[PDB]
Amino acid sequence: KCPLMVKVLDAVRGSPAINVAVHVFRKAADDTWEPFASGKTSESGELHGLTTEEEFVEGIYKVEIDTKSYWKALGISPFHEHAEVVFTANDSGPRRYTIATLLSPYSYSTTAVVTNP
């Protein structure tokens, strides 16, 4: 059981975006962002096992993807410092969240797939 999954693709090369740093944060009571989990995407551009059902309670989360580092390593000058995804996790809706982001030097697209499957 994996409640939160992250997927990153490269629109320049038509490949998974590998070894991309991802930091997850949870909004705290003082309105500040508290480190929650982190990792680097795998050979398939994915990051799993960030959290468990027990720890993933309702609240506001921020997913930060270090896109600038990724492009620099390819020798490409990017526009964005990073890509950020801020959302509320609600117990009402589906239980699994997939955050998928597509990267270009000057653009990114992000989508969420929320399922019970």
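Residue positions are given as counts along the sequence shown, with the first one as 1.
Here 60 to 68 and 45 to 53 are compared by their mean Cα B-factor, and 45 to 53 comes out higher. Taking the PDB entry as given, 19 to 27 carries the higher mean Cα B factor of the two stretches 19 to 27 and 104 to 112.
Per the PDB record, residue ranking by Cα B-factor puts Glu84 in the middle third of the chain. Sorting the modelled residues of the chain by their CA temperature factor places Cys2 in the highest third.
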